[PDB]
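Hydrogens, waters and symmetry mates are skipped; everything else that's a heavy atom, side chains included, is used. A, B, ... follow the sequence lines: proteins, then strands. Residue 1 opens every chain.
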Amino acid sequence: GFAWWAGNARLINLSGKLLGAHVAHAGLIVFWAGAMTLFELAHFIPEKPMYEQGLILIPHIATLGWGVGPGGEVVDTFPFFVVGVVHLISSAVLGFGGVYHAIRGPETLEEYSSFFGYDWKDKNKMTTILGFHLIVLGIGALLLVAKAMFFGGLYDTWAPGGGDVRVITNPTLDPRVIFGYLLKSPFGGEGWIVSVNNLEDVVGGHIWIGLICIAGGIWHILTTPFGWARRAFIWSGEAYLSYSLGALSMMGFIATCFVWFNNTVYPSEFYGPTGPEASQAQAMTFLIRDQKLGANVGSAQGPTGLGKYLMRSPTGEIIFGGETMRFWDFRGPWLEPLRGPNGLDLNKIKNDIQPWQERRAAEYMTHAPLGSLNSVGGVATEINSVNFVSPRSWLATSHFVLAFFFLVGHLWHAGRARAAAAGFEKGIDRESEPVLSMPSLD
Amino acid sequence: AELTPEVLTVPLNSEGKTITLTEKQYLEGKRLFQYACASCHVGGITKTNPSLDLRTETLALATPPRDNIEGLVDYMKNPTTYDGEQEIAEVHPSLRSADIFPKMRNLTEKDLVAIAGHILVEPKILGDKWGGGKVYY
Amino acid sequence: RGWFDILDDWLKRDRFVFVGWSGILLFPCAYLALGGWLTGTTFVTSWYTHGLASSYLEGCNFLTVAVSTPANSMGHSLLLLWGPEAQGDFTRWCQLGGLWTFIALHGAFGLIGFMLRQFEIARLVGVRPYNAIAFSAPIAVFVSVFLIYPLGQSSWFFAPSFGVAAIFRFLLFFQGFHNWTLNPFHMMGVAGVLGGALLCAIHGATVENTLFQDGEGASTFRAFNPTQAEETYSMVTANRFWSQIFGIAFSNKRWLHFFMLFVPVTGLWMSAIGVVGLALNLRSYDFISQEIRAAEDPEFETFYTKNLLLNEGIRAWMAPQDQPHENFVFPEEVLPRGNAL
Amino acid sequence: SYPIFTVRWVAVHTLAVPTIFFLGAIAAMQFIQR
Amino acid sequence: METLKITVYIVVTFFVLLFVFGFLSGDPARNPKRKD
Amino acid sequence: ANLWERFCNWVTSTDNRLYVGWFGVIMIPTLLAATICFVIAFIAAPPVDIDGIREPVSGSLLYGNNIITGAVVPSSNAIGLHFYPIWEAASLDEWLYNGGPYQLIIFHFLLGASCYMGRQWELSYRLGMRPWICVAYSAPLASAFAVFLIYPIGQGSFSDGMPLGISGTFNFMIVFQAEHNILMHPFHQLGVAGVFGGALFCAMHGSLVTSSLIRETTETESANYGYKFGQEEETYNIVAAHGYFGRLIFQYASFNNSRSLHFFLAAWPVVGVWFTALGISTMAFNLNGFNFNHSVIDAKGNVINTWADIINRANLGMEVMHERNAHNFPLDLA
Amino acid sequence: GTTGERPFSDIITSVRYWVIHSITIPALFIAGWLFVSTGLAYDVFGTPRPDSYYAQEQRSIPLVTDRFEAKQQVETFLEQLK
Ligand code: CLA
Ligand code: CLA
Ligand code: CLA
Ligand code: CLA
Ligand SMILES: CC1=C(/C=C/C(C)=C/C=C/C(C)=C/C=C/C=C(C)/C=C/C=C(C)/C=C/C2=C(C)CCCC2(C)C)C(C)(C)CCC1
Ligand SMILES: CC1=C(/C=C/C(C)=C/C=C/C(C)=C/C=C/C=C(C)/C=C/C=C(C)/C=C/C2=C(C)CCCC2(C)C)C(C)(C)CCC1
Ligand SMILES: CC1=C(/C=C/C(C)=C/C=C/C(C)=C/C=C/C=C(C)/C=C/C=C(C)/C=C/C2=C(C)CCCC2(C)C)C(C)(C)CCC1
Ligand SMILES: [Cl-]
Ligand SMILES: [Cl-]
Ligand SMILES: [Fe+2]
């Protein structure tokens with residue numbers, strides 16, 4: 001009974017056509033990953049940092065350790081070409097199976113074959129499909145471990161000497177560390193799982209998730225839902241979609257904050273500096289400049305009475321002054337050599353800042369993630385000249401938007417699933433209006 | 001008003017000799033300045049040391065005087081502090097340091113002249129806005 | 001049945017676009033106001049009135065083109081094409097800003113024509129004329145912003161210019177110079193506009209989620225017949241819902257729809273009044289008690305004092321380019337600036 | 001059996017004819033160089 | 001402050017537990033038409 | 001009939017004058033906490049060092065404010081995004097100086113309002129209604145999340161979240177324009193179309209239905225008494241309303257399906273306000289409004305100002321004055 | 001539910017419609033183009049070309065500053081470009 005504008009809802013109970021809708025749509029994702037990567041490569045100039053060039057996929061490949069060497073410099077673009085081509089090619093096969101199943105194949109599957117066929121209300125069949133996909137995801141997570149440990153490693157921004165591709169020989173398995181992240185507060189200085197700052201924890205957490213997903217996949221193949229679950233949930237295709245919509249929404253918000261704060265699995269070398277990073281780099285820049293001119297940055301009182309260059313955080317740590325006081329939770333490979341037990345060390349500052357640190361701070365201050373929609377870099381009052389918007393802003397904003405609409409979609413489809421399941425999603429029965437059989441409130 | 005040869009005529013050296021850039025050179029230098037320099041010197045200021053700008057009068061007072069094509073081309077190969085007392089290739093883009101500043105790698109001798117020319121022409125067009133900062137935006 | 005009635009007959013024939021006697025006023029004036037805006041934004045500069053480019057021809061985009069106001073030196077001239085300023089010369093007329101008065105004045109008679117059309121069609125069809133009444137609020141806003149405001153000031157120059165970013169500038173001018181956010185008549189208009197949008201959304205959603213099931217399709221739109229006598233949604237269930245969610249609810253569908261007229265219409269009427277005050281610089285700019293305390297006590301600070309520093313910023317930084325006819329020359333050293341910036 | 005020229009006909013072309021003209025004028029503008 | 005922190009921890013846990021268990025107590029069935 | 005099932009039966013009861021529900025179980029306390037703290041702070045809270053520079057801003061009535069200037073002031077910049085509950089302060093005195101109450105209020109409020117949304121789903125299910133009123137309310141809810149949570153997260157401090165007060169709101173929106181050019185951002189422009197259009201369509205709908213009320217009363221009575229709560233017949237003639245509005249414009253610009261009309265009424269402002277909430281939420285990550293500063297230049301290279309350059313001049317005055325003591329370095333990067 | 005004019009959908013799917021309008025539509029577009037490509041738009045409306053906002057060594061706006069001498073003021077600025 002659906003209109004053309006809700007036309008895909010006509011697929012709910014056509015398992016064979018719905019399968020083609022999904023596989024064709026997976027062809028589109030793979031196509032984009034392939035075409036986008038080749039577009040980025042055709043446009044790539046290796047002399048410029050990736051983050052001046054509008055690149056979001058090449059940084060994901062570099063981060064996996066392909067095509068880069070010490071300091072993030074691109075050494076070989078061929079792995080980029082390969083990743084693009086293979087994805088591009090594979091979308092043709094997904095395209096082929098998707099259109100075949102949507103147009104030509106059996107409209108429904110449950111007559112053609114009892115294994116591929118499914119009823120949404122079949123809780124056993126449904127948990128088995130879930131179990132298969134869990135196992136798949138577990139394999140996926142273990143492929144990242146395979147790459148880090150046995151096939152060349154990953155890019156490590158924290159490596160000695162400016163960052164480098166490093167093999168991960170001792171992943172963290174201690175569950176107090178791995179699961180300790182899940183229990184960290186999301187507020188400032190803690191940052192939940194976004195605070196993961198080394199590849200050992202990254203790789204070990206994926207060992208864990210791969211095992212847990214395979215464990216759980218086998219569990220759901222072998223069981224059916226307990227009655228407490230049977231009574232808490234709505235068991236319908238739209239209900240299942242709504243559960244996934246909330247999940248992806250949650251995941252999108254998390255990813256938004258990941259690319260905005262994390263400079264470990266989003267190296268600043270490739271993605272540009274974080275907001276916090278750039279703001280810290282500015283204070284560093286003028287600390288360096290003024291001290292070279294003779295200023296004693298430790299003892300310089302600023303207008304407010306707080307230190308002009310340096311001050312204390314609320315728990316005592318020596319931190320950069322000015323408005324960047326808010327960003328003192330920032331940690332970065334260019335800054336950490338200056339940190340002592342009490343925060344920034346005045347003796348290291350006076351004596352041990354290196355040109356590469358001066359360069360890096362200057363670079364990151366001038367590539368802060370601020371810019372206009374038409375890609376003029378800088379604060380909104382800046383004149384045209386610099387064509388730049390940080391990859392971090394592009395990735396953060398887009399995924400905030402998608403996460404928001406998917407929470408809307410969740411609410412839409414969860415409420416409709418509930419109401420369709422109880423039988424009043426098309427409206428109120430005039431002859432059996434519930435409120436007319438209730439007592440009035442007053 | 002237009003981009004006449006008089007505004008495209010700038011000092012070549014300190015002896016007083018002049019060179020007359022072309023419109024092609026001026027526009028190519030503007031694009032190269034944006035490519036390699038504007039992230040710090042948008043509008044003729046210096047975001048990481050605002051006490052030093054690209055105003056002609058400031059360049060004139062640098063040691064090595066830099067208000068001419070030559071001084072600028074030399075600055076792009078071997079930058080010094082404003083009094084010329086120390087070389088700063090390792091914290092300032094230059095051909096001498098194109099290993100650590102890779103955008104300087106693919107710049108040719110003629111590109112240097114074009115960048116130098118744009119820097120010398122632009123205050124003649126924009127006046128005080130060049131190197132003046134936000135007061136004049 | 002003479003010529004007047006025969007013409008009445010023809011003006012009021014049922015055709016795809018109803019004309020009527022109000023059509024004689026409405027159609028030329030609406031077409032000329034609209035065509036003047038499109039002509040000026042495509043082709044005409046503001047170089048001689050404002051020192052600004054303002055047309056597609058000059059390099060502007062949809063957000064920055066405008067038909068800008070005349071030069072302050074024109075005062076409140078009507079700027080007739082045949083008047084003493086342009087003296088019949090079309091080109092000079094455009095360069096002196098004559099298309100601004102052209103659009104404003106034809107717009108004003110256009111709005112009159114539109115409201116007369118609302119009266120005319122309501123009388124012919126046999127309905128009460130509340131849509132015409134409600135349209136009084138758009139009219140009040142237009143005449144108070146586009147005519148009264150500049151007539152109490154020095155010239156048309158300070159009316160809004162007809163463009164997207166030109167209007168954005170007008171908003172910011174009112175903050176820095178009139179402190180218009182602090183004005184209670186604006187605050188009432190803000191509550192009227194935001195109040196209307198809430199009412200709009202909440203009523204539409206409520207109807208759509210209290211529908212009776214009157215068809216079998218999953219598209220509930222088909223189950224409505226415009227000639228059916230029965231309500232299409234349950235006021236009773238809607239009332240219970242909101243009584244239990246919010247505490248109170250509508251119970252009278254006539255009051256409900258009257259209230260939806262009343263709220264945004266009253267809001268706009270209120271903001272118009274405040275703008276009439278700003279025509280005379282009769283602002284709600286300061287709280288005296290605040291200023292007395294702050295002058296005496298340098299440790300007293302509020303969001304009120306903080307916002308006046310921002311105003312002072314806006315004034316000194318925008319005035320020389322926004323009022324070029326005043327030849328404001330502010331040396332660097334006199335501009336108000338906080339530390340570093 | 002319809003009329004061709006109507007009050008509707010006029011209102012349409014009163015708008016549509018200047019539109020196409022202005023669109024051509026604005027298209028040309030994208031090729032103006034300073 | 002520790003007394004307070006403790007109190008609040010206990011109050012929140014209590015209300016969160018009420019919430020989770022409330023919705024696990026056959027909430028789909030609490031509607032006016034089809035209860036199951 | 002055991003103790004627990006009776007509590008469950010009262011929680012979800014449709015007979016309660018105010019519906020509680022499982023969402024209400026979280027909503028009622030968090031809203032009471034935020035409300036009580038707000039009222040007390042607005043009246044009597046001492047001055048707060050919002051920007052971390054030991055320059056406290058007086059927000060409350062007893063410290064020299066009126067209704068218009070009063071606010072509960074955002075928490076200190078020194079705190080940034082750190083969690084600052086009462087039990088983390090050495091004393092209430094310290095908690096009050098650093099803006100502790102703001103955090104307590106905005107967190108309890110965002111929670112309770114989120115549960116308010118779900119409460120709207122929940123009672124719709126208990127009543128046999130369709131479920132999407134809560135979707136309409138997610139547009140305002142998302143707008144409050146944007147100004148109290150998302151914008152602080154992206155700029156790194158709750159001191160840049162929106163203050164809880166009239167004049168503090170204006171301060172927030174002036175500073176926002178200077179730093180993001182929100183007026184030149186298309187998602188804010190869609191918000192204006194959403195709220196201007198929603199005010200329009202509110203007045204239109206209200207005037208069209210009021211215009212076509214069926215005569216049921218005398219001229220001495222309010223017309224409103226011609227409708228009786230729960231009558232089955234519609235109270236106005238929609239075909240007359242269509243006949244008027246279709247002639248005011250033309251036939252096909254007028255609805256004659258009341259279902260599509262009211263869906264349109266619901267969708268226009270909801271979608272417009274989703275976009276403006278997404279505007280704030282994405283400017284939180286500094287993807288700012290269009291920048292056409294110096295975009296037009298003449299044959300020689302002179303800048304030719306447009307209205308956007310004039311906008312920029314005003315934005316500069318706001319930039320250079322805001323938080324006038326709180327910047328030591330020449331770029332205000334957050 | 002109609003007032004007697006021919007339905008739009010019937011007109012625009014008609015061969016005669018498209019025989020006429022495949023000429024009129026591109027001709028008007030071309031007309032509008034020529035209005036700009038020839039320069040006429042500048043002279044008609046009085047809009048500065050990119051080389052005639054300022055005189056060569058001039059950075060002052062030619063602002064009208066007189067109400068009844070405005071016409072002549074503009075003309076005086078324009079002659080200062082020759
Ligand atoms: C995994 C994601 C997913 C999936 C599979 C579905 C699946 C479904 N949805 Mg749900 N939905 C989702 C996410 C999802 N939705 C999200 C995120 C939202 C919030 C916005 C919604 C909101 C929503 C509503 C409001 C409704 C559905 C409906 C439906 C059903 C019919 C859909 C249809 O035919 O659309 C047909 C497709 C179109 C009409 C095209 C839409 C065009 C979009 C809006 C424009 C997007 C363009 C983008 C912005 C880029 C612009 C660039 C330009 C060049 C185009 C179907 C079961 C309907 C329903 O309840 O059925 C039961 C229904 O009424 N959905
Ligand atoms: C990713 C997007 C997507 C996908 C995969 C689908 C998929 C599908 N839709 Mg939905 N739909 C979508 C978006 C999508 N839709 C949108 C945006 C709208 C709003 C306009 C709708 C509205 C809609 C309606 C109203 C209906 C569907 C229906 C269907 C199904 C049958 C369609 C059919 O018979 O085609 C027939 C069409 C053709 C034969 C035309 C040719 C189409 C081909 C496949 C184009 C692709 C060419 C491509 C380049 C091939 C490459 C070749 C290579 C792989 C070898 C199919 C599974 C129908 C359904 O549910 O059936 C019960 C149905 O009634 N859809
Ligand atoms: C998850 C997606 C999916 C699912 C569930 C199905 C399910 C089905 N398909 Mg479709 N199909 C798909 C994708 C999918 N197919 C794709 C991508 C293509 C394009 C190549 C096709 C092309 C296709 C055709 C042409 C036909 C089917 C048919 C069938 C049915 C019988 C399959 C069978 O017995 O093979 C059993 C399994 C095998 C014979 C071999 C499986 C070994 C595979 C190839 C290796 C594993 C791949 C790996 C896990 C992932 C890819 C690797 C990559 C990451 C590099 C069944 C309903 C038949 C049908 O419906 O006829 C009525 C039929 O004729 N399918
Ligand atoms: C995509 C992943 C996925 C999905 C959809 C499901 C789905 C399901 N599982 Mg399976 N499961 C999975 C992965 C998945 N599982 C994996 C990987 C494992 C191995 C660890 C399991 C192990 C497992 C067991 C052991 C059982 C299920 C059961 C169930 C059913 C009830 C779920 C339920 O009530 O959750 C709703 C969640 C709760 C009621 C508890 C809430 C507690 C959470 C953690 C609170 C945290 C909230 C917070 C905001 C999140 C932040 C992070 C947090 C750690 C702090 C349902 C069909 C049950 C069943 O019927 O089995 C047949 C069951 O007993 N699952
Ligand atoms: C169902 C349907 C639908 C959908 C569809 C789909 C979604 C599809 C897809 C499909 C797909 C998804 C496709 C794909 C394709 C692809 C391909 C076909 C590829 C190819 C490739 C190539 C050829 C390559 C080449 C190369 C190389 C190799 C190297 C380098 C160079 C180059 C690149 C050239 C629609 C909506 C329409 C409608 C309804 C129905
Ligand atoms: C990889 C990695 C890692 C790790 C991680 C992990 C280990 C994670 C996990 C995670 C997890 C472990 C998660 C969990 C989650 C859960 C959730 C998400 C939940 C949900 C829930 C819900 C949703 C419910 C609901 C309900 C209720 C409450 C009541 C009744 C009804 C219902 C059922 C509906 C780390 C960080 C180290 C690092 C990096 C990498
Ligand atoms: C002023 C004047 C006059 C008049 C004139 C006229 C009346 C004009 C008209 C004109 C016109 C009448 C014009 C038109 C134009 C138009 C246009 C220019 C359009 C455009 C549009 C567009 C561009 C659109 C597009 C789009 C988009 C964008 C999105 C969506 C889709 C669419 C398609 C909508 C006269 C002679 C008396 C003389 C005096 C002066
Ligand atoms: Cl401020
Ligand atoms: Cl600072
Ligand atoms: Fe209504």
Side-chain angles (χ1 to χ4, degrees), chain A residues 232 246 249-250 407-408 410-411 414-415 418 441, chain C residues 198 201-202 205-206 209 240-249, chain E residues 7-25 27-28 30-31, chain F residues 4 6-41 72 85 101-127 129 131-150 164 277:
Chain A
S249 169
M250 185 182 167
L407 174 68
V408 175
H410 170 63
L411 296 179
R418 275 286 183 125
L441 305 163
Chain C
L198 186 163
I202 208 172
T206 298
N209 290 279
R240 181 118 189 174
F241 183 70
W242 285 116
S243 294
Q244 295 186 281
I245 288 297
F246 191 57
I248 55 130
Chain E
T7 307
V8 169
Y9 274 57
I10 282 163
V11 168
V12 170
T13 303
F14 172 68
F15 282 103
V16 167
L17 289 187
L18 279 180
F19 178 82
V20 175
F21 286 124
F23 266 136
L24 287 167
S25 294
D27 191 78
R30 306 185 187 279
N31 80 81
Chain F
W4 173 253
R6 276 196 261 265
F7 176 70
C8 288
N9 271 341
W10 173 84
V11 168
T12 63
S13 168
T14 52
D15 296 325
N16 286 331
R17 174 62 180 80
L18 296 175
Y19 183 72
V20 184
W22 300 115
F23 282 105
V25 156
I26 309 302
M27 177 190 88
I28 290 177
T30 49
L31 293 198
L32 280 174
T35 296
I36 291 156
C37 189
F38 175 78
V39 163
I40 296 174
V72 180
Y102 180 82
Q103 282 201 16
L104 187 148
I105 297 159
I106 56 149
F107 302 153
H108 285 85
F109 168 77
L110 289 165
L111 266 184
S114 288
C115 297
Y116 192 92
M117 189 169 66
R119 178 154 166 279
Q120 277 177 341
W121 163 78
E122 200 181 323
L123 181 69
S124 92
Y125 188 71
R126 317 302 187 215
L127 295 191
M129 296 172 47
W132 296 310
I133 289 168
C134 66
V135 178
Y137 174 76
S138 72
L141 184 61
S143 303
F145 263 95
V147 304
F148 296 137
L149 192 61
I150 305 308
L164 315 175

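- Among all heavy-atom pairs drawn from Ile106(F) and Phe148(F), the shortest one is CD1-O, 3.6 Å.
- Although no hydrogens or angles enter the test, the distance criterion places a donor-acceptor pair under 3.5 Å between the side chain of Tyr125(F) and the main chain of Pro28(E).
- Between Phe23(F) and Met117(F) the shortest side-chain heavy-atom distance does not fall below 4.5 Å.
- Proximity of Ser25(E) to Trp22(F): side-chain heavy atoms (C-beta onward) are nowhere separated by under 4.5 Å.
- The two residues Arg240(C) and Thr14(F) come nearest to each other via the heavy atoms NH2-O, 2.8 Å.
- Residues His108(F) and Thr30(F) approach most closely at CB-O, 3.2 Å, considering heavy atoms.
- Within a 6.0 Å sphere centred on CZ of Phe246(C), other residues, nucleotides and ligands contribute 12 heavy atoms or fewer.
- Panel note: side chain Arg30(E), backbone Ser13(F); no donor-acceptor pair is recorded below 3.5 Å.
- The shortest distance between side-chain heavy atoms of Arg17(F) and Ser243(C) falls below 4.5 Å.
- Checked by atom type and distance alone, the side chain of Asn16(F) pairs as donor or acceptor with a backbone atom of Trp10(F) at under 3.5 Å.
- By the ring-ring contact (aromatic ring centres under 6.0 Å, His included) test, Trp242(C) is found to be paired with no residue, residues two or more places apart in sequence or in another chain being considered.
- Between atom CD1 of residue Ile133(F) and atom OG1 of residue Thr206(C) there is a gap of 4.5 Å, rounded to the nearest 0.5 Å.
- Note: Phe23(E) and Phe19(E) meet the aromatic proximity criterion, with ring centroids under 6.0 Å apart.
- To the nearest 0.5 Å, the span separating CG on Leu17(E) from CZ on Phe21(E) amounts to 6.0 Å.
- Between the CD1 atom of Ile26(F) and the CG atom of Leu31(F) there is a distance of 11.0 Å, given to the nearest 0.5 Å.
- For the pair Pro131(F) and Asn209(C), the minimum side-chain heavy-atom distance is below 4.5 Å.
- Between atom OH of residue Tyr116(F) and atom CD1 of residue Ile245(C) there is a gap of 6.0 Å, rounded to the nearest 0.5 Å.
- Here CD1 of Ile105(F) is found 11.5 Å from CG of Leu110(F). Values are rounded to the nearest 0.5 Å.
- Here the shortest heavy-atom pairing between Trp4(F) and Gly22(E) reads CZ2-N, 4.0 Å.
- The two atoms that bring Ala277(F) and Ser143(F) nearest to each other are CB-OG, 3.5 Å, heavy atoms only.
- Minimum interatomic distance between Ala113(F) and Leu141(F) (heavy atoms only, all atoms of both residues): CB-CD1, 3.7 Å.
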Item to check | Residues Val72(F), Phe38(F); criterion side-chain contact (heavy atoms from CB on, under 4.5 Å); working and verdict | outcome: CA-CA 7 Å; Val72(F) 180; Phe38(F) 175 78; 3.8 Å; yes
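- Distance check: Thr13(E) OG1 to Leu18(E) CG gives 11.0 Å after rounding to the nearest 0.5 Å.
- Judged as a salt bridge (charged side-chain N to carboxylate O under 4.0 Å, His left out), the pairs with a partner in residues 114-125 of chain F (not counting sequence neighbours) are, in order, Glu122(F)-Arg126(F).
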